[PDB]
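Undergrad: Would you mind keeping the following structure in view while I ask a few things?
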Protein chains: 2
Amino acid sequence: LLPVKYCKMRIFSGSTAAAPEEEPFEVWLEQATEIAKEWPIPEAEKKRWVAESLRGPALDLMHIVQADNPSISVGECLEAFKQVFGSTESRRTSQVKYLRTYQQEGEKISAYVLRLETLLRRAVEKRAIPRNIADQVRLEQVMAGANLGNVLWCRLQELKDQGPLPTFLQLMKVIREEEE
Amino acid sequence: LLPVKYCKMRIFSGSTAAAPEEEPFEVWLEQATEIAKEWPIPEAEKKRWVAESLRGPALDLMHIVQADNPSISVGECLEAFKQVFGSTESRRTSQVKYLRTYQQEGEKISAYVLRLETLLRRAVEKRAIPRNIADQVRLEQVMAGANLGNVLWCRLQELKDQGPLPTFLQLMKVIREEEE
């Protein structure tokens, strides 16, 4: 009778060769846990709604897990998905992948510091960085890993010596004022 | 008459073309801090016995720092020496130098964990590692950075899993047993 504003399902596949519309697993698990815990629908239909987001190797895991136990809960299915596809990292590995992450040739500095902030949140959740030094390891990892130079280097080096170090949104406010 | 052992004074210079007898600054700073803190003799004579251990650029700094203030303490002199000659390590560079340190060229695995432990002390005095996990990052950096061997891996991983995190000496004992 009238147009209804629809919404796209977050598809996941588990391949390394992931297609452009397929999400990283952590984003899919947030959708699948909403279907598991929060939706009103019966559990036989929860399985259907989980599986209709899966394609390729991740769908093959759903078939395997159901075939071993047809009575399995959607919660225990997501425990199997966590146990297979969930991120494996640890103190040494998270610290290394964060510090080893340089700016790529196509990245603007504001995009690089946004990417880098995701890695810092990952490392803080693994308790590999104390939150009270997160600002230091931002400014220092930006200066070490970026291809930045000149008056931008000077403004960051000033802030590194300033005392009150930037929060991420303030650091971005500065870096955008240099992107212009 | 009868001969006895004759232990020579340690000399520091700050010269780039350092003579083979001249120490790296940290070793000299131990001798100077011993003269400052532990020797019984009056502070004017402490200034003299500190000065007798310096030649070239580092001696000029003793004269400069006394010329600014004839009332200065030996401790404040050593703060000026630390400022001028002490190493310029950052949290990023101490962290990276530590994590990037592998066992190399066919070193003894004991000689590797010794070389490594010197850098962990460096990083702990910067608090670039949280002191309460220094043993964790030691075990992880050994297990990542050594050639190791399987039974050693099982034993350290057992101690880490069990809970009893090694001191450096306990870790060394275990490493000798599998190194022989």
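Here's how to read the names in the structure tokens: chain A, B, ... by the order shown, residue numbers from 1 in each chain, ligand numbers from 1 in the order shown.
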Can you list, as a list in words, all residues belonging to region 41-71 of chain B that DSSP tags as helix (DSSP H, G or I)?
TA: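 Here are the helix (DSSP H, G or I) residues of region 41-71 of chain B: residues 43, 44, 45, 46, 47, 48, 49, 50, 51, 57, 58, 59, 60, 61, 62, 63, 64, 65, 66, 67 and 68 of chain B.
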Undergrad: Just need chain B moved onto chain A: least-squares over all Cα atoms matched in order, then output as an mmCIF file with C-alpha atoms, in the first residue's frame.
TA:
data_model
loop_
_atom_site.group_PDB
_atom_site.id
_atom_site.type_symbol
_atom_site.label_atom_id
_atom_site.label_comp_id
_atom_site.auth_asym_id
_atom_site.auth_seq_id
_atom_site.Cartn_x
_atom_site.Cartn_y
_atom_site.Cartn_z
ATOM 1 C CA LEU B 1 1.578 2.485 -2.521
ATOM 2 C CA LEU B 2 5.033 4.169 -2.161
ATOM 3 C CA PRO B 3 8.677 2.764 -2.302
ATOM 4 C CA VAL B 4 10.881 2.467 0.845
ATOM 5 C CA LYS B 5 14.565 1.576 1.467
ATOM 6 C CA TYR B 6 15.233 -2.201 1.697
ATOM 7 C CA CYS B 7 18.163 -3.193 3.937
ATOM 8 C CA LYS B 8 19.527 -6.684 3.009
ATOM 9 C CA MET B 9 20.577 -9.405 5.531
ATOM 10 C CA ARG B 10 24.386 -9.860 5.986
ATOM 11 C CA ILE B 11 25.602 -13.309 4.843
ATOM 12 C CA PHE B 12 28.641 -15.226 6.150
ATOM 13 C CA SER B 13 30.182 -18.398 4.698
ATOM 14 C CA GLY B 14 33.771 -19.157 5.807
ATOM 15 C CA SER B 15 34.520 -20.093 2.130
ATOM 16 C CA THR B 16 38.071 -19.169 0.972
ATOM 17 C CA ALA B 17 36.669 -18.110 -2.439
ATOM 18 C CA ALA B 18 34.243 -15.742 -0.611
ATOM 19 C CA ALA B 19 31.588 -14.076 -2.814
ATOM 20 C CA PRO B 20 31.777 -10.210 -3.043
ATOM 21 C CA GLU B 21 28.526 -9.940 -0.982
ATOM 22 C CA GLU B 22 29.839 -12.122 1.927
ATOM 23 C CA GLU B 23 31.115 -10.256 5.019
ATOM 24 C CA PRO B 24 34.311 -10.752 7.030
ATOM 25 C CA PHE B 25 33.287 -12.792 10.093
ATOM 26 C CA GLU B 26 33.426 -9.925 12.668
ATOM 27 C CA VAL B 27 30.672 -7.957 10.873
ATOM 28 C CA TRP B 28 28.444 -11.042 10.753
ATOM 29 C CA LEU B 29 29.136 -11.760 14.432
ATOM 30 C CA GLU B 30 27.727 -8.284 15.276
ATOM 31 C CA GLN B 31 24.499 -9.170 13.403
ATOM 32 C CA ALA B 32 24.333 -12.627 15.014
ATOM 33 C CA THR B 33 24.969 -11.262 18.548
ATOM 34 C CA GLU B 34 22.204 -8.680 17.950
ATOM 35 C CA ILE B 35 19.818 -11.565 17.039
ATOM 36 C CA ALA B 36 21.033 -13.533 20.100
ATOM 37 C CA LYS B 37 20.879 -10.722 22.731
ATOM 38 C CA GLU B 38 18.634 -7.889 21.542
ATOM 39 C CA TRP B 39 15.777 -9.437 19.512
ATOM 40 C CA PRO B 40 12.623 -10.261 21.599
ATOM 41 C CA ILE B 41 11.659 -13.516 19.781
ATOM 42 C CA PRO B 42 11.979 -17.077 21.350
ATOM 43 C CA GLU B 43 15.363 -18.881 21.212
ATOM 44 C CA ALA B 44 14.239 -21.562 18.691
ATOM 45 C CA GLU B 45 13.206 -18.755 16.283
ATOM 46 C CA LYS B 46 16.507 -16.934 17.094
ATOM 47 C CA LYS B 47 18.355 -20.133 15.960
ATOM 48 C CA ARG B 48 16.332 -19.948 12.705
ATOM 49 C CA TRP B 49 17.082 -16.232 12.023
ATOM 50 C CA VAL B 50 20.792 -16.861 12.787
ATOM 51 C CA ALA B 51 20.819 -19.865 10.391
ATOM 52 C CA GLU B 52 19.178 -17.827 7.545
ATOM 53 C CA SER B 53 22.362 -15.629 7.517
ATOM 54 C CA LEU B 54 24.783 -18.544 6.773
ATOM 55 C CA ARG B 55 25.755 -20.567 3.640
ATOM 56 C CA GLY B 56 28.394 -23.187 2.751
ATOM 57 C CA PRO B 57 30.931 -24.181 5.494
ATOM 58 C CA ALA B 58 29.571 -21.843 8.184
ATOM 59 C CA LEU B 59 26.041 -23.320 7.792
ATOM 60 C CA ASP B 60 27.442 -26.863 8.207
ATOM 61 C CA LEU B 61 28.813 -25.746 11.594
ATOM 62 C CA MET B 62 25.294 -24.666 12.685
ATOM 63 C CA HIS B 63 24.062 -28.211 11.908
ATOM 64 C CA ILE B 64 27.099 -29.892 13.588
ATOM 65 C CA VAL B 65 26.803 -27.763 16.749
ATOM 66 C CA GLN B 66 23.045 -28.393 17.041
ATOM 67 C CA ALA B 67 23.616 -32.163 16.440
ATOM 68 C CA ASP B 68 25.984 -32.331 19.472
ATOM 69 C CA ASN B 69 23.310 -30.720 21.713
ATOM 70 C CA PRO B 70 19.653 -29.866 20.767
ATOM 71 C CA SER B 71 19.397 -27.856 24.070
ATOM 72 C CA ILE B 72 22.321 -25.493 23.140
ATOM 73 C CA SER B 73 21.933 -21.688 23.507
ATOM 74 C CA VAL B 74 22.508 -19.265 20.605
ATOM 75 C CA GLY B 75 25.309 -17.777 22.775
ATOM 76 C CA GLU B 76 27.118 -21.157 22.904
ATOM 77 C CA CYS B 77 26.653 -21.503 19.108
ATOM 78 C CA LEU B 78 28.381 -18.126 18.682
ATOM 79 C CA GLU B 79 31.199 -19.375 20.986
ATOM 80 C CA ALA B 80 31.651 -22.299 18.526
ATOM 81 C CA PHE B 81 31.635 -19.861 15.545
ATOM 82 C CA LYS B 82 34.198 -17.637 17.366
ATOM 83 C CA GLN B 83 36.402 -20.731 18.010
ATOM 84 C CA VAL B 84 36.224 -21.947 14.395
ATOM 85 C CA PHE B 85 36.287 -18.659 12.373
ATOM 86 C CA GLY B 86 37.480 -15.913 14.800
ATOM 87 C CA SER B 87 41.034 -14.634 14.145
ATOM 88 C CA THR B 88 44.055 -16.382 15.802
ATOM 89 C CA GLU B 89 45.894 -13.241 17.036
ATOM 90 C CA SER B 90 48.516 -13.646 19.806
ATOM 91 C CA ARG B 91 49.854 -10.905 22.153
ATOM 92 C CA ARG B 92 53.152 -10.892 20.113
ATOM 93 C CA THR B 93 51.358 -10.654 16.707
ATOM 94 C CA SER B 94 48.760 -8.061 17.801
ATOM 95 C CA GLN B 95 51.584 -5.990 19.384
ATOM 96 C CA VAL B 96 53.802 -6.251 16.286
ATOM 97 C CA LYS B 97 50.999 -5.567 13.754
ATOM 98 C CA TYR B 98 50.044 -2.484 15.765
ATOM 99 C CA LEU B 99 53.593 -1.083 16.196
ATOM 100 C CA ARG B 100 54.581 -1.903 12.545
ATOM 101 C CA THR B 101 51.542 0.066 11.143
ATOM 102 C CA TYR B 102 52.830 3.241 9.377
ATOM 103 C CA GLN B 103 51.001 5.807 7.218
ATOM 104 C CA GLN B 104 51.479 4.441 3.679
ATOM 105 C CA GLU B 105 51.230 5.348 -0.067
ATOM 106 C CA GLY B 106 50.001 8.970 0.521
ATOM 107 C CA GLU B 107 46.937 8.136 2.700
ATOM 108 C CA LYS B 108 45.185 11.051 4.428
ATOM 109 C CA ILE B 109 46.695 11.306 7.959
ATOM 110 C CA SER B 110 43.106 11.134 9.329
ATOM 111 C CA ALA B 111 42.500 7.919 7.308
ATOM 112 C CA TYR B 112 45.761 6.539 8.762
ATOM 113 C CA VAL B 113 44.847 7.249 12.425
ATOM 114 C CA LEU B 114 41.424 5.624 11.753
ATOM 115 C CA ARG B 115 43.080 2.487 10.242
ATOM 116 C CA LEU B 116 45.454 2.448 13.205
ATOM 117 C CA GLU B 117 42.667 2.845 15.814
ATOM 118 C CA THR B 118 40.938 -0.367 14.606
ATOM 119 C CA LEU B 119 44.126 -2.306 15.507
ATOM 120 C CA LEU B 120 44.415 -0.573 18.886
ATOM 121 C CA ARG B 121 40.861 -1.763 19.775
ATOM 122 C CA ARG B 122 41.906 -5.304 18.674
ATOM 123 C CA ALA B 123 45.000 -5.137 20.909
ATOM 124 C CA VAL B 124 43.110 -3.614 23.910
ATOM 125 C CA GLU B 125 40.540 -6.484 23.926
ATOM 126 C CA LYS B 126 43.521 -8.941 24.108
ATOM 127 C CA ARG B 127 44.965 -6.612 26.856
ATOM 128 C CA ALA B 128 48.067 -6.667 24.585
ATOM 129 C CA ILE B 129 48.095 -2.933 25.454
ATOM 130 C CA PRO B 130 47.309 -1.863 29.088
ATOM 131 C CA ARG B 131 43.942 -0.021 28.776
ATOM 132 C CA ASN B 132 45.041 2.886 31.030
ATOM 133 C CA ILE B 133 47.775 3.830 28.433
ATOM 134 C CA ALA B 134 45.872 3.175 25.148
ATOM 135 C CA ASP B 135 45.877 6.960 24.522
ATOM 136 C CA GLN B 136 49.658 7.130 25.221
ATOM 137 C CA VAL B 137 50.483 4.351 22.730
ATOM 138 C CA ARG B 138 48.067 5.951 20.225
ATOM 139 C CA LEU B 139 49.834 9.327 20.415
ATOM 140 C CA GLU B 140 53.261 7.641 20.290
ATOM 141 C CA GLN B 141 52.289 5.353 17.379
ATOM 142 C CA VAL B 142 50.812 8.321 15.428
ATOM 143 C CA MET B 143 53.860 10.524 16.164
ATOM 144 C CA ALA B 144 56.194 7.648 15.121
ATOM 145 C CA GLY B 145 54.073 6.250 12.251
ATOM 146 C CA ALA B 146 52.545 9.318 10.489
ATOM 147 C CA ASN B 147 54.116 11.819 8.046
ATOM 148 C CA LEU B 148 52.640 14.283 10.630
ATOM 149 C CA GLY B 149 54.177 17.786 9.975
ATOM 150 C CA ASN B 150 55.840 20.131 12.491
ATOM 151 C CA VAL B 151 52.927 22.189 13.983
ATOM 152 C CA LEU B 152 50.910 18.977 14.536
ATOM 153 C CA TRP B 153 53.957 17.412 16.269
ATOM 154 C CA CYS B 154 54.286 20.461 18.573
ATOM 155 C CA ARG B 155 50.516 20.365 19.405
ATOM 156 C CA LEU B 156 50.309 16.619 20.211
ATOM 157 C CA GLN B 157 53.642 16.794 22.133
ATOM 158 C CA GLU B 158 52.246 19.807 24.025
ATOM 159 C CA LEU B 159 49.027 17.901 24.977
ATOM 160 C CA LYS B 160 51.127 14.823 25.956
ATOM 161 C CA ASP B 161 53.548 16.961 28.048
ATOM 162 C CA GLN B 162 50.784 19.125 29.607
ATOM 163 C CA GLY B 163 48.863 16.038 30.653
ATOM 164 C CA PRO B 164 45.580 16.176 28.688
ATOM 165 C CA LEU B 165 45.867 12.912 26.721
ATOM 166 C CA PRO B 166 43.437 12.989 23.710
ATOM 167 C CA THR B 167 40.470 10.757 23.027
ATOM 168 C CA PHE B 168 40.435 9.467 19.416
ATOM 169 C CA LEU B 169 37.901 12.172 18.414
ATOM 170 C CA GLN B 170 40.030 15.022 19.885
ATOM 171 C CA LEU B 171 43.122 13.605 18.125
ATOM 172 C CA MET B 172 41.123 13.444 14.849
ATOM 173 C CA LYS B 173 39.957 17.096 15.223
ATOM 174 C CA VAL B 174 43.570 18.259 15.623
ATOM 175 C CA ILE B 175 44.708 16.064 12.686
ATOM 176 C CA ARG B 176 41.992 17.535 10.363
ATOM 177 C CA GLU B 177 43.011 21.123 11.213
ATOM 178 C CA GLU B 178 46.635 20.517 10.058
ATOM 179 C CA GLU B 179 45.564 18.126 7.187
ATOM 180 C CA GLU B 180 43.383 20.781 5.397
#
